[PDB]
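**Q** as they sit in the full assembly, here are the leading chains:
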Amino acid sequence: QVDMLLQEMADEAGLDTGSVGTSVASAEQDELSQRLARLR
């Protein structure tokens, strides 16, 4: 239900299924990848 871009901010700051859940996870992974690569 929740706007997927809200989900992502939530998940990111540790707070508070379907094809939308997958979009969330996919984007969150990309962020991880950017975030790790920055570490080098």
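**A** Good, I have the coordinates. Numbering: from 1, shown residues only, chains lettered A, B, ... in the order given.
**Q** any chance you could map the helices in chain A?
**A** Applying DSSP state H to chain A gives helices spanning A:4-12, A:18-37.
**Q** contact partners for the most centrally placed residue in chain A?
**A** A centroid search over chain A (Cα atoms, centre = their mean) returns residue A:28, at 2.8 Å, as the residue closest to the centre. Going by Cβ atoms under 8 Å, 6 or more residues apart in numbering, residue A:28 touches A:8, A:11-12. Backbone N, C-alpha and C define where each C-beta goes, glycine included.
**Q** reformat the residues you listed as CSV; add neighbour count and distance to residue A:22.
**A** Output for the contacts of residue A:28, formatted as CSV (neighbours: other Cβ atoms under 10 Å; distance: Cβ to Cβ, whole Å):
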residue, neighbour count, distance to residue A:22
A:8, 17, 13
A:11, 15, 14
A:12, 10, 17
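**Q** of those, closest to residue A:36?
**A** Distance to residue A:36, by Cβ to Cβ, is smallest for residue A:12 among those, at 14.6 Å.
**Q** throw chain B onto that model:
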Amino acid sequence: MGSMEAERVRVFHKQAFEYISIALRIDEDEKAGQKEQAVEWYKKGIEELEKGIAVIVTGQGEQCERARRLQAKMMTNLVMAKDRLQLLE
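**A** Chain B goes in next, on the same frame as the chains above:
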């Protein structure tokens, strides 16, 4: 149908994301050499990614491709994370 599978992936992601985000946060703050507080967190993350990757996601559907494509992204991060871990251990 067997989309319980695609979910099982997403649950594992949720955890991986939490733990690795904390790892990165710590990693990013510590100076050098007290960076070793992240280790615990990378480990727990890595472990979640691995359980994610393991899920066989078996099916036809444009959504199913999307899930497996997700597992590939987890693979990419499993590797980068292990790399960072090793550098810290």
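**Q** again for the contacts of residue A:28, since chain B is there now?
**A** A:8, A:11-12, B:13, B:17 (Cβ atoms under 8 Å, 6 or more residues apart in numbering or on different chains).
**Q** residue nearest the centroid of chain B?
**A** Most central in chain B (Cα atoms, centre = their mean) works out to residue B:49, at 3.3 Å.
**Q** which SS state does it fall under?
**A** helix (DSSP: H, G, I helix; E, B strand; the rest coil).
**Q** against chain A, how distant is it?
**A** 9 Å (Cβ to the nearest Cβ, to the nearest Å).
**Q** from memory that residue sits against residue B:81, does it?
**A** Yes: Residue B:49 is within contact range of residue B:81, at 7.1 Å (criterion: Cβ atoms under 8 Å).
**Q** which residues do these two both contact?
**A** residue B:20.
**Q** circling back to that earlier point, just the closest of the contacts of residue A:28 to residue B:41, please.
**A** Nearest to residue B:41, judged by Cβ to Cβ, of the contacts of residue A:28 is residue B:17 at 11.7 Å.
**Q** how about the nearest residue to that closest one, chain neighbours excluded?
**A** Leaving aside its sequence neighbours, residue B:17 sits nearest to residue A:28 (Cβ to Cβ, 6 or more residues apart in numbering or on different chains; 5.1 Å).
**Q** cool, thanks, signing off.
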